[PDB]
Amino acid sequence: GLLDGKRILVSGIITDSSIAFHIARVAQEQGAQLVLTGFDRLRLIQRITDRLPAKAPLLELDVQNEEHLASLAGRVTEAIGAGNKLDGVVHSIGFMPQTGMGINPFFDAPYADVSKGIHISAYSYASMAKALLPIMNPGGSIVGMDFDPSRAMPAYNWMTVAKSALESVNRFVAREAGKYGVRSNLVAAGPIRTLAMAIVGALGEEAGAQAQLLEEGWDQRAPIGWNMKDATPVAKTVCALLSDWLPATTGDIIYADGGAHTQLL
């Protein structure tokens, strides 16, 4: 397969609608040996990951928990046995409290909420690279999930700001990862109907309409179209970055959005 005999960590699975779930599935189809991490509802997460092609160890990881991060590399090594290292890391984690999104005014989000969001959605990319780089092989690859924040838009609000921060964090992580012979990139995906997708049904009628408007305009703008209910094209893109087939790309963003961002109307 594309990732034959590669040992790859995947964070971010919460349902079988999670982008990370599909990244995991495709990685396994492509021959990769996985270690998974989960936040909070690990009973649920375990049951969910049972439906993946192959069995995988599931580790606890709250990115805001300094102890989890500090014990993380050791718990992975045990999971994959001493002598072996990781070839890939997938950051598919995000969060922004309700006050920082939706119909709730941009100006009314408490800094505490915004800060919790940036910690989870942006700072933790660096946290995970820090914990995991010492157990990564050269030629390795760290990949995180992004949503093009280069332009403002309704509803997304402070999550946009967090992704803007994330992209900046990525460029710096690339500097550190390169010392290890490891690449660091982001996959900017178009809208995918995940857990929080959610806002289309929550963030306040109005925000929901705007989300639907965003979705609709995305499919039209994309020269090859965009669905939306299919996370597979995004998972394949992530896998492409984990493979040895983009070996000169780092600190960068690969857009798996149907080309929508390259078109105005």
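Heads up: residue numbers just count along the shown sequence, starting at 1.
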*Do any residues of the deposited sequence lie unmodelled between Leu52 and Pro53, and which range holds their number: none, 1 to 3, 4 to 9, or 10 or more?*
none
*Where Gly201 meets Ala202 in the shown sequence, the number of deposited residues left unmodelled*: 1 to 3
*Given the B-factors recorded for C-alpha atoms, which segment has the greater mean, 70-78 or 142-150?*
70-78
_Mean C-alpha B-factor comparison - 191-199 and 126-134, higher one_ = 191-199
*Selection from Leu186, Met101, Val169, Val114 [criterion: highest C-alpha temperature factor in the record]*: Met101
*Place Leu264 in the lowest, middle or highest third of its chain's C-alpha B-factors, as listed in the PDB entry.*
middle
*State the tercile, meaning the lowest, middle or highest third, of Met159 with respect to the CA B-factors recorded for its chain.*
lowest
_When the deposited Cα B-factors of this chain's modelled residues are ordered and cut into thirds, is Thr237 in the lowest, the middle or the highest one?_
lowest
*What third of its chain, lowest, middle or highest, does the C-alpha temperature factor of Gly178 fall into?*
lowest
*Give the position of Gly225 by CA B-factor within its chain, expressed as the lowest, middle or highest third.*
lowest
